[PDB]
Amino acid sequence: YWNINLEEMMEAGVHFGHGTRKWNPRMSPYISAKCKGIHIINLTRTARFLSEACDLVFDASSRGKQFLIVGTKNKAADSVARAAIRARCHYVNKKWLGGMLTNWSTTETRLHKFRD
RNA sequence: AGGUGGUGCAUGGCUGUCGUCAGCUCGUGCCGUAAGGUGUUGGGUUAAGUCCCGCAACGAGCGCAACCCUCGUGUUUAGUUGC
């Protein structure tokens, strides 16, 4: 059991806090305290900044706009590969080649060469 | 008309030379105010930016290679002034 059964239940488990002394002083209003070296991120402001982030993507999916989910990191590669097949959107996974999001015209010629 | 008269530091054509060395560049996209740079760097590897990996680089063009000519094996076809 926890406090309440909502979205704040799963976020209060093992889904918060990361950086240890490698932080950027620009993200200062987005933290609570520094417990045992690790910087604990505030769940009160994340829930408000997740709401306005979920309001614009819902206002884009109703129109029929396309999304792109990038993730070349080893600890996030397997989760980025499954989430985009279910959503039918663009995704990068393996080695990141310089110029994929801007140079779509030069990289799609390689995709047509794969089909040739 | 004629000039093997001057000037190839006025020139065409052609050549040596470093060199067969292997480099020389471009499109798109990024970096910097900009001139430019990145790709043509790095780690190894080959005769060779040859190739692999890494990497805002991703691809491409000239060069390298190959395609052409002989030599080394055989096979098929045709045999004189060949055997």
# chains A, B, ... in the order shown; residues from 1 in each chain; ligands from 1

$ interface_residues --of "chain B" --to "chain A" --cutoff "9 Å" --atoms "only C-alpha atoms (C1' of nucleotides)" --output "list in words"
residues 28, 29, 30, 55, 56, 57, 58 and 59 of chain B

$ residues_around --residues "residue A:70" --least-positions-apart "3" --cutoff "8 Å" --atoms "only C-alpha atoms (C1' of nucleotides)" --output "PyMOL selection string"
chain A and resi 80+91-93

$ write_last_selection --atoms "N, CA, C and O atoms" --output "mmCIF file, in the first residue's frame"
data_model
loop_
_atom_site.group_PDB
_atom_site.id
_atom_site.type_symbol
_atom_site.label_atom_id
_atom_site.label_comp_id
_atom_site.auth_asym_id
_atom_site.auth_seq_id
_atom_site.Cartn_x
_atom_site.Cartn_y
_atom_site.Cartn_z
ATOM 1 N N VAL A 80 12.806 2.358 -26.160
ATOM 2 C CA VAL A 80 12.536 3.298 -27.256
ATOM 3 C C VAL A 80 12.120 2.521 -28.519
ATOM 4 O O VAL A 80 11.328 3.014 -29.331
ATOM 5 N N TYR A 91 11.826 6.531 -35.038
ATOM 6 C CA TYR A 91 12.717 6.174 -33.921
ATOM 7 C C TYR A 91 14.143 5.762 -34.297
ATOM 8 O O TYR A 91 14.355 5.040 -35.274
ATOM 9 N N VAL A 92 15.105 6.202 -33.484
ATOM 10 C CA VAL A 92 16.527 5.878 -33.660
ATOM 11 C C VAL A 92 16.897 4.958 -32.485
ATOM 12 O O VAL A 92 16.372 5.131 -31.378
ATOM 13 N N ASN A 93 17.799 4.000 -32.717
ATOM 14 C CA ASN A 93 18.194 3.057 -31.666
ATOM 15 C C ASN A 93 19.687 2.748 -31.514
ATOM 16 O O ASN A 93 20.247 2.939 -30.431
#

$ residues_around --residues "residue B:43" --least-positions-apart "4" --cutoff "12 Å" --atoms "only C-alpha atoms (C1' of nucleotides)" --output "PDB file with C-alpha atoms (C1' of nucleotides), in the first residue's frame"
ATOM      1  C1'   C B  52      37.123  -1.876 -40.712  1.00  0.00           C
ATOM      2  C1'   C B  53      35.877   0.627 -36.258  1.00  0.00           C
ATOM      3  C1'   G B  54      35.117   5.306 -33.811  1.00  0.00           C
ATOM      4  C1'   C B  55      33.312  10.073 -34.877  1.00  0.00           C
TER       5        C B  55
END

$ closest_residue --among "A:24, A:83, A:12, A:94" --to "residue A:47" --atoms "only C-alpha atoms"
A:12

$ select_by_dssp --residues "stretch 23-78 of chain A" --states "strand (DSSP E or B)" --output "PyMOL selection string"
chain A and resi 31-35+38-41+68-69

$ write_last_selection --atoms "N, CA, C and O atoms" --output "compact mmCIF listing (two decimals), in the first residue's frame"
# COMPACT_ATOMS: atom_id res chain seq x y z
N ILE A 31 14.23 21.22 -8.15
CA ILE A 31 14.74 20.29 -7.13
C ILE A 31 14.20 20.57 -5.72
O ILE A 31 13.79 21.69 -5.42
N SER A 32 14.20 19.53 -4.88
CA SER A 32 13.73 19.62 -3.49
C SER A 32 14.90 19.77 -2.51
O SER A 32 15.08 20.84 -1.91
N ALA A 33 15.69 18.71 -2.37
CA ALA A 33 16.84 18.68 -1.47
C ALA A 33 17.92 17.71 -1.96
O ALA A 33 17.73 16.99 -2.95
N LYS A 34 19.06 17.70 -1.26
CA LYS A 34 20.19 16.84 -1.57
C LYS A 34 20.37 15.82 -0.44
O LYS A 34 21.00 16.11 0.59
N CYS A 35 19.76 14.65 -0.61
CA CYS A 35 19.82 13.57 0.38
C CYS A 35 20.79 12.47 -0.06
O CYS A 35 20.61 11.86 -1.13
N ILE A 38 22.69 12.26 -3.71
CA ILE A 38 21.75 12.26 -4.84
C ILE A 38 20.73 13.40 -4.70
O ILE A 38 20.20 13.64 -3.61
N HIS A 39 20.49 14.10 -5.81
CA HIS A 39 19.54 15.21 -5.86
C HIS A 39 18.12 14.70 -6.12
O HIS A 39 17.84 14.16 -7.19
N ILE A 40 17.25 14.86 -5.12
CA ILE A 40 15.86 14.43 -5.21
C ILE A 40 15.05 15.51 -5.95
O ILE A 40 15.03 16.68 -5.55
N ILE A 41 14.42 15.08 -7.04
CA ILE A 41 13.61 15.94 -7.90
C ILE A 41 12.19 16.09 -7.30
O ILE A 41 11.65 15.13 -6.75
N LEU A 68 8.61 11.87 -33.16
CA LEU A 68 9.95 11.27 -33.29
C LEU A 68 10.57 11.06 -31.91
O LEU A 68 10.81 12.02 -31.17
N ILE A 69 10.84 9.79 -31.60
CA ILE A 69 11.43 9.39 -30.32
C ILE A 69 12.88 8.88 -30.47
O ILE A 69 13.12 7.77 -30.94

$ residues_around --residues "stretch 1-10 of chain A" --least-positions-apart "5" --cutoff "10 Å" --atoms "only C-alpha atoms (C1' of nucleotides)" --output "JSON list (two decimals) with C-alpha atoms, in the first residue's frame"
[["chain", "number", "residue", "atom", "x", "y", "z"],
["A", 15, "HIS", "CA", 11.10, 6.78, -10.57],
["A", 16, "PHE", "CA", 12.66, 9.92, -9.02],
["A", 43, "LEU", "CA", 7.16, 15.58, -7.59],
["A", 44, "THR", "CA", 4.87, 18.59, -7.00],
["A", 46, "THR", "CA", 6.87, 17.47, -12.22],
["A", 47, "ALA", "CA", 3.12, 16.66, -12.11]]

$ residues_around --residues "residue B:47" --least-positions-apart "6" --cutoff "12 Å" --atoms "only C-alpha atoms (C1' of nucleotides)" --output "PyMOL selection string"
chain B and resi 20-22+64-65

$ write_last_selection --atoms "N, CA, C and O atoms (P, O5', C5', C4', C3', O3' and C1' of nucleotides)" --output "PDB file, in the first residue's frame"
ATOM      1  P     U B  20      57.770   7.767 -59.907  1.00  0.00           P
ATOM      2  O5'   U B  20      56.265   7.246 -59.999  1.00  0.00           O
ATOM      3  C5'   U B  20      55.824   6.097 -59.281  1.00  0.00           C
ATOM      4  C4'   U B  20      54.524   6.406 -58.575  1.00  0.00           C
ATOM      5  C3'   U B  20      53.798   5.224 -57.951  1.00  0.00           C
ATOM      6  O3'   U B  20      54.416   4.921 -56.688  1.00  0.00           O
ATOM      7  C1'   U B  20      52.265   6.595 -59.158  1.00  0.00           C
ATOM      8  P     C B  21      53.531   4.541 -55.393  1.00  0.00           P
ATOM      9  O5'   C B  21      53.344   5.946 -54.658  1.00  0.00           O
ATOM     10  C5'   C B  21      54.453   6.586 -54.023  1.00  0.00           C
ATOM     11  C4'   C B  21      54.145   8.039 -53.715  1.00  0.00           C
ATOM     12  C3'   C B  21      52.837   8.345 -53.005  1.00  0.00           C
ATOM     13  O3'   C B  21      52.976   8.130 -51.602  1.00  0.00           O
ATOM     14  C1'   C B  21      53.291   9.981 -54.683  1.00  0.00           C
ATOM     15  P     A B  22      51.906   7.221 -50.820  1.00  0.00           P
ATOM     16  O5'   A B  22      50.513   7.958 -51.064  1.00  0.00           O
ATOM     17  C5'   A B  22      50.244   9.249 -50.512  1.00  0.00           C
ATOM     18  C4'   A B  22      48.922   9.763 -51.032  1.00  0.00           C
ATOM     19  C3'   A B  22      47.749   8.810 -50.812  1.00  0.00           C
ATOM     20  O3'   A B  22      46.980   9.085 -49.624  1.00  0.00           O
ATOM     21  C1'   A B  22      47.782   9.666 -53.057  1.00  0.00           C
ATOM     22  P     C B  64      44.395   6.492 -61.135  1.00  0.00           P
ATOM     23  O5'   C B  64      44.406   5.955 -59.634  1.00  0.00           O
ATOM     24  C5'   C B  64      45.594   5.982 -58.848  1.00  0.00           C
ATOM     25  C4'   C B  64      45.452   5.057 -57.661  1.00  0.00           C
ATOM     26  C3'   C B  64      45.048   3.630 -57.998  1.00  0.00           C
ATOM     27  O3'   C B  64      46.186   2.838 -58.326  1.00  0.00           O
ATOM     28  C1'   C B  64      43.671   4.445 -56.258  1.00  0.00           C
ATOM     29  P     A B  65      46.096   1.774 -59.528  1.00  0.00           P
ATOM     30  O5'   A B  65      44.921   0.790 -59.088  1.00  0.00           O
ATOM     31  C5'   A B  65      45.077  -0.092 -57.978  1.00  0.00           C
ATOM     32  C4'   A B  65      43.795  -0.853 -57.728  1.00  0.00           C
ATOM     33  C3'   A B  65      43.227  -1.593 -58.929  1.00  0.00           C
ATOM     34  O3'   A B  65      43.827  -2.880 -59.054  1.00  0.00           O
ATOM     35  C1'   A B  65      41.508  -0.351 -57.875  1.00  0.00           C
TER      36        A B  65
END
